[PDB]
4 protein chains.
Amino acid sequence: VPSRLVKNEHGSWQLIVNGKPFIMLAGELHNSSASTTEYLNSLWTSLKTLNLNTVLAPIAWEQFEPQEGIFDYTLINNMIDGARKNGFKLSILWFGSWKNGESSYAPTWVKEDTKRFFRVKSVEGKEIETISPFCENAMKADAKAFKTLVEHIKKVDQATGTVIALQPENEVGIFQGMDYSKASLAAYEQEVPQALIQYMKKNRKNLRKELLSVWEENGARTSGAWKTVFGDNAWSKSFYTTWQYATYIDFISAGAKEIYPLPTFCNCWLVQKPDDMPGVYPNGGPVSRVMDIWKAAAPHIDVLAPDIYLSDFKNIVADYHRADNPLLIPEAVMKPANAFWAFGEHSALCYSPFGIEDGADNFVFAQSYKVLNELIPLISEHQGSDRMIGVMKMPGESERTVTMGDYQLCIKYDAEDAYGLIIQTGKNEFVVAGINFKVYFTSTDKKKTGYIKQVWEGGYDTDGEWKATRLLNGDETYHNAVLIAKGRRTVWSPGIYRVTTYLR
Amino acid sequence: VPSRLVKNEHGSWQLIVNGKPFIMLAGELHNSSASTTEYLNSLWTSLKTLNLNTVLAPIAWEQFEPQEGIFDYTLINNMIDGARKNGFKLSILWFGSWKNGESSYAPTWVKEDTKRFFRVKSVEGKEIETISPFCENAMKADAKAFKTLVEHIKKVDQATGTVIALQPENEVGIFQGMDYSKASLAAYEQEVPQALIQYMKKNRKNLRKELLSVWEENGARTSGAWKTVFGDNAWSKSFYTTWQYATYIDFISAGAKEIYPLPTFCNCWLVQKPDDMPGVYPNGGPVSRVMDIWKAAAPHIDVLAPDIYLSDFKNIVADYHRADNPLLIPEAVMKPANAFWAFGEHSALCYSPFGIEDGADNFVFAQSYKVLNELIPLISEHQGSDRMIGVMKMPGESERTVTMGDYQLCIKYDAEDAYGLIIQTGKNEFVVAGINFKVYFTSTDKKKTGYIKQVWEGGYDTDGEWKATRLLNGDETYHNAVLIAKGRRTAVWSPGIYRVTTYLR
Amino acid sequence: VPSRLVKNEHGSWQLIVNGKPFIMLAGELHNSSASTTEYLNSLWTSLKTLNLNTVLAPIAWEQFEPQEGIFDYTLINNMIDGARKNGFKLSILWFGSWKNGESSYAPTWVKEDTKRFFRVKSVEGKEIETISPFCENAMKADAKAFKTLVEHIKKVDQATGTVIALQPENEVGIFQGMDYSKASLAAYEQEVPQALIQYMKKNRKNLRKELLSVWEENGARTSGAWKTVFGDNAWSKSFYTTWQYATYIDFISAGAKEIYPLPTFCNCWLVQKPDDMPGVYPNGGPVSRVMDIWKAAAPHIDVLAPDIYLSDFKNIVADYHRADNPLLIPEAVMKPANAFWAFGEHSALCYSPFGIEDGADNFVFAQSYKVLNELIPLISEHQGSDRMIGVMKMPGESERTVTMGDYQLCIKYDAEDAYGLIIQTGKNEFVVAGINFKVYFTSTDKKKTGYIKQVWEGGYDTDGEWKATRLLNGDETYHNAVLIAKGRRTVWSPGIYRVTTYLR
Amino acid sequence: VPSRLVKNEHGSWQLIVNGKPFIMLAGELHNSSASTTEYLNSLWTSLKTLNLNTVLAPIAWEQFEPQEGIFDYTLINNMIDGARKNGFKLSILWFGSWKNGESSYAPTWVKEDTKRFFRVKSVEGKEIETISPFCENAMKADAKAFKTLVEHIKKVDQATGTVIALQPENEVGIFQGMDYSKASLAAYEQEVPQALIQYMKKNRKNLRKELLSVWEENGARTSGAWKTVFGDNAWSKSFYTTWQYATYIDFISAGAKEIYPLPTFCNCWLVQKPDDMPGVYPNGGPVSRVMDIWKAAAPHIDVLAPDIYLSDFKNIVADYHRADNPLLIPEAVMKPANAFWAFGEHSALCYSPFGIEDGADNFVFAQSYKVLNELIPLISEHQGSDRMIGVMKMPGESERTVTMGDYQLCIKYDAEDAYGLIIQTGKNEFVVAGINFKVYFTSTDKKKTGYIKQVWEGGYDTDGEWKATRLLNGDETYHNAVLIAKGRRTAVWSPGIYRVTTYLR
Ligand SMILES: CO[C@@H]1O[C@H](CO)[C@H](O)[C@H](O)[C@H]1O
Ligand SMILES: CO[C@@H]1O[C@H](CO)[C@H](O)[C@H](O)[C@H]1O
């Protein structure tokens, strides 16, 4: 296959594409934006101005399988064609059974057969516009459509590998404590799957404290029905709902993996506020609180990916990034600092603003992606090392201090909007990328004096070669007292600086 | 003739032009804008940017017959020529005896002979710059010129049918309780015409209350003079005055109908405020109050057409639209909402901003006519049906609910400027056009659940074929919970067209 | 001669240029703008945008005769060349002995010899930078150079007639009660010239009150010395000073008139405020108060021309326009209303904003001159008749009524900037030009009703033929209740309207 | 050599370049702007828009000698090439041992050997990022590199003379009362050099009060150690530190002078506030207070050059301009007034805004340089004479009166931004350049009346010939009552040039 996840020396998962480490400098289209060839083709030139390397775009089951057994390849065909013509990779979004909790993208022949494909019921007994995750018939229909899609992708793309990742469904779950369908209620009375029990026992010291505390509160039992093992409460309800989602979607993914395995991720509508109970957000989705349940249930799903529109970016990304879960953000705000923090601090696979086609005039973002592209080789090389960090000022922070081998780095912010990344490339050498901050280098060991030796501003050409534009000294470095990450000038955007240091 | 009104199966009057249903997406020029070939010709390109299909433009008697029996075809010729070259149909306004009550467009030779063509007199006795509607000499001279104009149009236009309608005179009436000319004072004493009596008897249940009440108050008599049948008051004065105008102009139209019958309408300066008495507005004009009088008196006038510049649009158009009177608005404000309301709610024949050449920079208006043009086939097919409605928010309204077959539609407004139309094209299919509203779809039968099935955005190509630009879903329909008529986007927004399918479960 | 003043049938003086009535739609250059060929030549395209037919431009003695007996024809020749090439007539301003009272344009060799060309002396005995009008040497040297200039103009322009008028000196006079030079003091003691006395006797009825009153206060004597005849005061001082200036300058003009007679005018710095005594303004210059002295002393000067920069435009022009003195305004503000008033109300020969080259972006002014040009034939034909008026609103006015044959015209203003002119061209026909006013037509005879019959908007083409652009009616004339002079549209400027009227 | 300092008849030092007097209408690049060929080459077109005749740009030892004995001529070669292609002369800044006090441009191989190239030590005893001026190894290595640079310049530029001046180091000195290195402390105990005693003896009447008063307070001794001759205090510490810097840098210049002598200047960071003690500003630098020490110690340095960023411009330039020290300003604000004052009042060799490449859209400054270029021959001819003054208004001044032979010039300002220069070219002739002032000419001798005779506005063509654009008179001169220096117009305004003839009567 031409896209794969491989763990490196530092234990970081890396995307390897056409043989090389690859980071998704991405954007996701608006939902409806891949729904005709003409609309989508109107967007490519805009997207190129933002220096994307990857576009996240949906295929909708309703359009792909408009009658059961009849498949329409027009949209996937034209999407791959356009991506190729414009220099983009694709992550394909599969709007099948569920998109933002609901089943609005299910085919007309699925919506109209509520007997074959039964709906979630509310606590009031109302059927809603959401297929039950307890509907086996819907699992199989969706699984067959998705497998057919991926078979086709293999058939037209196995060599070029334009398509580098798959997202089955979109923000799954219910806005309810549980499904009140008959199958849902019976499933709630069933034995906890041993797969979950075994996973927990094994990974206890590492479990989410949301799972652990409920399990332990009820005696950390290794058998029994859901209400025995996890109590009769909102949490046991969320846990068997999430199991069911993860199990249904795993089946969908397995069918594809069997024929053409690509990096596969499921995305979540975040727990918006800390007190929110399951059902305020989609109950069933891969939010961090149930990461363990998803991992135990869905081994054919590679990454649980947060959709981040909230300002608390640093805490959110640390919450979702685990040793078994690389940071992959398929939906975010169009804020360059977020990208630098994800890639630099957490070795992210993907950063993707939602509704990217709308932000074509965002020069600073475009230039930021340009700088990140220059740095992909160096970022890739240091993924997972303690020699790479992000830089992003949040309100009310004034400075950050870190150790890097022989040196202490004191990062001070010159504006609210200050961001970048720092890589130690050598005992006495650093690459600093970004804008509106300064870095002071001193000696860890206080029996020595550490100082900047020399600073060059530059960038990497299309060959990947470093080309210095200036040797920054004098006013530009306060006589080598400090690195000033002023940025590249046209308006200001992130710059790249090579700093050599010395001890004496 | 290449233009005619035909009633369809729902009872609605349609304009058939060159053998196809036609709706006037119109504009009327300022009054003096067709007075030379050069000035008119300077406007065509401006008008084209507005996506007009029809231009309303005057021929003035003073220019058409500058000396008695001498006719100048220069202006009508070049008007037709320009419309053809720029893709417009024409409705011709005839500024003859009267324009805005007065006779400023009568030929020099008519103005100068106050013996042959006597004037209205005021209550203090002064002759005003208005030819009396009791002056038979004026009626015949006007009729002969109008007839001469229409013969010419036939002669140069019978095969092409650039000209699709005629408006004899413009906003007729006097700013007086009555004319005080000796001939007027005599007329008022005369017997009420049996045509009026018989009309009232036969059409009683549909009569205006302003006429029925006065008739009824004076004993609903079936003979007698004006003052006997209608009392001695301002209303009987308005009635015999209105009868007079309708009679005079009917003759002018009939001469034209005899040789080249075109759809013909007369237009009114509205009763401007609800208490206004005849004379505050032109007394004699076809305001809704005297609609039955005009109908009884002028069978050669097809349509009485309101000139709407007031903000109370919905009430006004509902007042003028009757079984026997299609909605045709030759003068209006340049407001896209108004057009959508007239065409969608009332199946109108015409919507026409006055002074249209001034609005060439109104992109939202332009794109509104663009969308309406795409919809003419569909509008025309649903005229008079309960399966077509307008949408237009007015201040202080928040939402409208209607039933369409198996579905309830709740229309909710997302801004003050919200307008469009809705057409049910199938048991489970709707076309919704417009901007700044939302439509919630539910089952009429409470035992079932109705939902949106699928939503497409698009438009009709030049071949008249539907082309979807998107399948709107997810964010764009709140996951099929609602239709969002956000509009077509250039940001600036103008009306969009959405095809919505629904289902029951 | 290609230019001459000729009294028409109504007693109005007209300029006949190349055998046709001509009206100067003029502007005057800044003082230093014709001092080189290059600087003047840079202006002509600007001037053309303003639709001038005439430029007022100086020739400076200092440059024309830089050494005595040596004449430099460069500036005059290039000026005429440029005018011809750009479609302009010229009125030549002679900056000789005096310009704004002073002698700053006298040649170096005149300035440097205060023995030969003695200066004015102040009451304190200081010699000022003004040559004395009692210095005959200066008079003869000025006259000789001026004659040399006009002779040259004849030799290069007699057939073409680019030059249509001359202005000897500029705003002459002293900022003193009298000149205190020896010659001035002796001149004051002398007998009143018999030419003055006889002028006053013959024209007594029509004399300026300012001259009559002083004469009559002292016995209306027909002989005696200046202080005998006019008493010992500021006025007698002003009179003999004014007599001196007009005599000196009459000699200069006479020399030119002898070989090549052109319409000749002297311009004044106005009495700025009503109380102002002679010498607050240049004492000697042709202000209206001393118009009779100038007329008596200077028959070779055709017109006395006010320079009008003050806002009391209408009273000022009325004060200068007399039966023996056509209105000619060589210096003014760039206000189109003033032009329309001068030409329409007072049959003026010339309207000329000062510093015209500054005004090249004045669209409204330029279009005003376009309209006046279209109107020149019609204006010409009605000069001095009671069938032509101007229209100009001043603050605090709002309507003018006038009678014209059978009709009363009520002119009502729709804005503060309201101006134009009205010509009755027939018993029942009028041409109205202008902007921001309305005209109501009624019958003078109350037994009749007068009304507008028909209105056309239009203009005159380059052949002088009327071309209508619209028949205005309906909204555009309130159904013939009124003529609306709305203007030509692009921003609005004066329009031209033909109105027929009728009586019933 | 194609660039030389030479004293004229009025005792003024002039720069003679390619046989002709030359004034630097200059600008200095940002520090890092000459660090690659690509970055510098991106600037030339911009620099041309400002009408510079000279660029000040650095060469950095760290790049010129990247390893000891290995020399990289890329940057100097490219700089000379670009200067030639764009019509500029160069003054080369040597960022060697010190730049703004510190050793940040010293080679990596100098930085890393603190044994061979020992550092300044603080009073606390810390070694700082500054090479001690008491380090002979450092002096020798800097000297060797500097000579290599200049030998190369000779080798590629001896005929053309693009390079017209040299600045060794940049704003040298320590932010300390003294260096606490062992060498420094022991040099403080040494005998005052006789070269300094002798200078102070010979030049006593012309000494800086700052040096003289301290010498005299300790008994004006002609022998002893620093603390003997100058006391034990901050000043004797400043004196010997300054001696050391000037001595070190003189050695550096001498090596260049011996193979290819060019006008050489050292620049100083100014005493920023009058109370400031040595060390607040760089202690060692050629500030005016220690001008005598620098002259005595460094005969191979031609000029001491102030870097002027402060608003008190007139006082500062007067402070630095002495008979033995022409005014040369390598670093200044981009203010045209400062240029006119420097060149006009003080016959300056050079005016140079710092960060010049940032200033490319400064039209008025570009036009001022255009006018100064036009005037260079006339400025050159009157350098040092009392027939040439500058004009510059400072806040809270309103007029300046000067005597010029037979006339008195009253200069009155019409705006806050009023500047230029005045030359008497003849007994009765002046050239006035500038903007926003007026000049009144009267007679010195009150028994005569002096007046303007004629005024011409104009300029000098590419051949150096005067061409009048106007004879100014009437309103333009208030009838020759005054010269109005209105400026050249474009309305945006910049300096004009006016020729005024006067006369006495
Ligand atoms: C309507 O979109 C959804 O909004 C939610 C908050 O209400 C979350 O942000 C989800 O990620 C997003 O897909
Ligand atoms: C002056 O125009 C007229 O104005 C009236 C109100 O005054 C009505 O609006 C008429 O319809 C309109 O034609």
# chains A, B, ... in the order shown; residues from 1 in each chain; ligands from 1

call {"tool": "calpha_fit_rmsd", "arguments": {"fixed": "chain B", "moving": "chain D"}}
result
0.1 Å

call {"tool": "closest_atom_pairs", "arguments": {"of": "chain B", "to": "chain A", "cutoff": "12 Å", "atoms": "only C-alpha atoms", "output": "Markdown table"}}
result
| residue | atom | partner | partner_atom | distance |
| --- | --- | --- | --- | --- |
| B:447 | CA | A:126 | CA | 11.8 |
| B:448 | CA | A:127 | CA | 11.0 |
| B:449 | CA | A:127 | CA | 9.0 |
| B:450 | CA | A:129 | CA | 10.6 |
| B:451 | CA | A:129 | CA | 8.5 |
| B:452 | CA | A:104 | CA | 9.0 |
| B:453 | CA | A:108 | CA | 6.9 |
| B:454 | CA | A:108 | CA | 8.2 |
| B:455 | CA | A:32 | CA | 10.6 |
| B:456 | CA | A:35 | CA | 9.5 |
| B:457 | CA | A:32 | CA | 10.1 |
| B:458 | CA | A:36 | CA | 10.7 |
| B:467 | CA | A:36 | CA | 10.3 |
| B:468 | CA | A:36 | CA | 7.8 |
| B:469 | CA | A:39 | CA | 6.3 |
| B:470 | CA | A:35 | CA | 5.4 |
| B:471 | CA | A:35 | CA | 5.4 |
| B:472 | CA | A:32 | CA | 5.3 |
| B:473 | CA | A:32 | CA | 5.9 |
| B:474 | CA | A:31 | CA | 5.9 |
| B:475 | CA | A:31 | CA | 6.5 |
| B:476 | CA | A:32 | CA | 7.0 |
| B:477 | CA | A:104 | CA | 9.5 |
| B:478 | CA | A:104 | CA | 9.2 |
| B:479 | CA | A:104 | CA | 5.4 |
| B:480 | CA | A:104 | CA | 6.1 |
| B:481 | CA | A:129 | CA | 8.9 |
| B:482 | CA | A:104 | CA | 11.5 |
| B:491 | CA | A:358 | CA | 11.0 |
| B:501 | CA | A:108 | CA | 10.1 |
| B:502 | CA | A:108 | CA | 10.1 |
| B:503 | CA | A:112 | CA | 7.7 |
| B:504 | CA | A:112 | CA | 8.1 |
| B:505 | CA | A:112 | CA | 7.0 |

call {"tool": "write_last_selection", "arguments": {"atoms": "C-alpha atoms", "output": "mmCIF file, in the first residue's frame"}}
result
data_model
loop_
_atom_site.group_PDB
_atom_site.id
_atom_site.type_symbol
_atom_site.label_atom_id
_atom_site.label_comp_id
_atom_site.auth_asym_id
_atom_site.auth_seq_id
_atom_site.Cartn_x
_atom_site.Cartn_y
_atom_site.Cartn_z
ATOM 1 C CA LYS B 447 -49.789 9.800 13.305
ATOM 2 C CA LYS B 448 -46.831 10.025 10.859
ATOM 3 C CA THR B 449 -43.381 11.672 11.022
ATOM 4 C CA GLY B 450 -42.520 13.891 8.076
ATOM 5 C CA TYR B 451 -38.896 14.793 7.367
ATOM 6 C CA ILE B 452 -36.679 16.229 4.683
ATOM 7 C CA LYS B 453 -35.244 13.387 2.597
ATOM 8 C CA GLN B 454 -32.844 15.334 0.321
ATOM 9 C CA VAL B 455 -31.993 18.943 -0.565
ATOM 10 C CA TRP B 456 -30.277 20.193 -3.729
ATOM 11 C CA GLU B 457 -29.156 23.685 -4.579
ATOM 12 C CA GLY B 458 -29.238 24.683 -8.240
ATOM 13 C CA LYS B 467 -28.906 21.716 -12.849
ATOM 14 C CA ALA B 468 -27.888 21.068 -9.221
ATOM 15 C CA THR B 469 -24.829 22.948 -8.033
ATOM 16 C CA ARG B 470 -24.802 21.043 -4.694
ATOM 17 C CA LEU B 471 -26.493 18.418 -2.603
ATOM 18 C CA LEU B 472 -26.876 20.444 0.586
ATOM 19 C CA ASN B 473 -26.635 18.324 3.743
ATOM 20 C CA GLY B 474 -24.784 18.343 7.063
ATOM 21 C CA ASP B 475 -24.210 21.918 8.235
ATOM 22 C CA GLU B 476 -26.032 23.267 5.171
ATOM 23 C CA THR B 477 -29.430 21.755 6.189
ATOM 24 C CA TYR B 478 -28.774 21.142 9.920
ATOM 25 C CA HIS B 479 -28.556 17.441 9.026
ATOM 26 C CA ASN B 480 -31.912 17.642 7.149
ATOM 27 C CA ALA B 481 -33.709 19.196 10.144
ATOM 28 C CA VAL B 482 -34.440 22.341 8.060
ATOM 29 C CA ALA B 491 -19.832 38.474 0.231
ATOM 30 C CA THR B 501 -37.651 15.967 -1.307
ATOM 31 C CA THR B 502 -39.521 14.840 1.806
ATOM 32 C CA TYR B 503 -40.839 11.514 3.124
ATOM 33 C CA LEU B 504 -43.267 10.071 5.664
ATOM 34 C CA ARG B 505 -42.405 7.237 8.092
#

call {"tool": "residues_near_ligand", "arguments": {"ligand": "ligand 2", "cutoff": "8 Å", "atoms": "only C-alpha atoms and all ligand atoms", "output": "ChimeraX atom specification"}}
result
/B:100,171,268-270,272,281,307-310,331 /C:475,478

call {"tool": "residues_around", "arguments": {"residues": "stretch 488-495 of chain A", "least_positions_apart": "2", "cutoff": "8 Å", "atoms": "only C-alpha atoms", "output": "PyMOL selection string"}}
result
chain A and resi 364+367-368+371+420+433-435+457-459+485-486+497

call {"tool": "residues_near_ligand", "arguments": {"ligand": "ligand 1", "cutoff": "7 Å", "atoms": "only C-alpha atoms and all ligand atoms", "output": "PyMOL selection string"}}
result
(chain A and resi 100+171+268-270+272+307-309) or (chain B and resi 475)

call {"tool": "write_last_selection", "arguments": {"atoms": "N, CA and C atoms", "output": "short mmCIF file (atom, residue, chain, number, x, y, z; two decimals), in the first residue's frame"}}
result
data_model
loop_
_atom_site.label_atom_id
_atom_site.label_comp_id
_atom_site.auth_asym_id
_atom_site.auth_seq_id
_atom_site.Cartn_x
_atom_site.Cartn_y
_atom_site.Cartn_z
N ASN A 100 -22.22 13.62 12.51
CA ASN A 100 -22.60 14.44 13.65
C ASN A 100 -23.79 13.80 14.35
N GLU A 171 -18.12 11.91 13.63
CA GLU A 171 -18.68 12.31 14.92
C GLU A 171 -19.92 11.49 15.30
N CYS A 268 -14.21 12.75 16.85
CA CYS A 268 -15.19 12.97 17.91
C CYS A 268 -15.57 14.44 18.02
N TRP A 269 -16.86 14.66 18.28
CA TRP A 269 -17.39 15.89 18.85
C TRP A 269 -17.02 15.90 20.34
N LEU A 270 -16.17 16.86 20.71
CA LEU A 270 -15.56 16.91 22.04
C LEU A 270 -16.61 17.09 23.14
N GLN A 272 -17.71 19.29 25.44
CA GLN A 272 -17.55 20.72 25.20
C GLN A 272 -17.16 21.43 26.49
N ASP A 307 -11.93 16.72 17.12
CA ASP A 307 -12.31 17.88 16.30
C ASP A 307 -12.34 19.12 17.18
N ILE A 308 -11.37 20.04 16.99
CA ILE A 308 -11.10 21.05 18.02
C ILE A 308 -11.46 22.44 17.51
N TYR A 309 -12.54 22.98 18.08
CA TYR A 309 -12.96 24.33 17.79
C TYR A 309 -12.91 25.18 19.06
N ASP B 475 -24.04 20.55 7.76
CA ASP B 475 -24.21 21.92 8.23
C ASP B 475 -25.22 22.69 7.39
#

call {"tool": "residues_around", "arguments": {"residues": "residue C:183", "least_positions_apart": "3", "cutoff": "9 Å", "atoms": "only C-alpha atoms", "output": "PyMOL selection string"}}
result
chain C and resi 132+134-135+179-180+186-188

call {"tool": "write_last_selection", "arguments": {"atoms": "N, CA and C atoms", "output": "PDB file, in the first residue's frame"}}
result
ATOM      1  N   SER C 132       7.247 107.063  -9.292  1.00  0.00           N
ATOM      2  CA  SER C 132       6.246 108.107  -9.109  1.00  0.00           C
ATOM      3  C   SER C 132       5.425 108.312 -10.380  1.00  0.00           C
ATOM      4  N   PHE C 134       4.303 111.030 -11.270  1.00  0.00           N
ATOM      5  CA  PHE C 134       4.679 112.376 -11.674  1.00  0.00           C
ATOM      6  C   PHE C 134       6.044 112.386 -12.378  1.00  0.00           C
ATOM      7  N   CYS C 135       6.647 111.210 -12.626  1.00  0.00           N
ATOM      8  CA  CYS C 135       7.895 111.086 -13.379  1.00  0.00           C
ATOM      9  C   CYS C 135       7.691 110.862 -14.886  1.00  0.00           C
ATOM     10  N   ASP C 179       1.422 111.123  -2.985  1.00  0.00           N
ATOM     11  CA  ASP C 179       2.866 111.040  -3.148  1.00  0.00           C
ATOM     12  C   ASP C 179       3.495 112.323  -2.598  1.00  0.00           C
ATOM     13  N   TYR C 180       4.569 112.170  -1.800  1.00  0.00           N
ATOM     14  CA  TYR C 180       5.267 113.283  -1.162  1.00  0.00           C
ATOM     15  C   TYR C 180       6.539 113.681  -1.910  1.00  0.00           C
ATOM     16  N   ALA C 186       4.305 119.849  -5.971  1.00  0.00           N
ATOM     17  CA  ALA C 186       4.089 120.928  -6.928  1.00  0.00           C
ATOM     18  C   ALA C 186       2.826 120.694  -7.771  1.00  0.00           C
ATOM     19  N   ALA C 187       2.593 119.438  -8.201  1.00  0.00           N
ATOM     20  CA  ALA C 187       1.433 119.142  -9.035  1.00  0.00           C
ATOM     21  C   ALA C 187       0.135 119.482  -8.292  1.00  0.00           C
ATOM     22  N   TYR C 188       0.118 119.273  -6.970  1.00  0.00           N
ATOM     23  CA  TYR C 188      -1.078 119.465  -6.160  1.00  0.00           C
ATOM     24  C   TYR C 188      -1.475 120.945  -6.108  1.00  0.00           C
TER      25      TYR C 188
END

call {"tool": "residues_around", "arguments": {"residues": "stretch 354-365 of chain D", "least_positions_apart": "3", "cutoff": "10 Å", "atoms": "only C-alpha atoms", "output": "VMD selection string"}}
result
chain D and resid 26 to 31 33 40 42 to 52 55 to 56 307 to 309 330 to 337 339 351 368 to 371 492 to 495

call {"tool": "closest_residue", "arguments": {"among": "B:294, B:466, B:419, B:430", "to": "residue B:405", "atoms": "only C-alpha atoms"}}
result
B:430
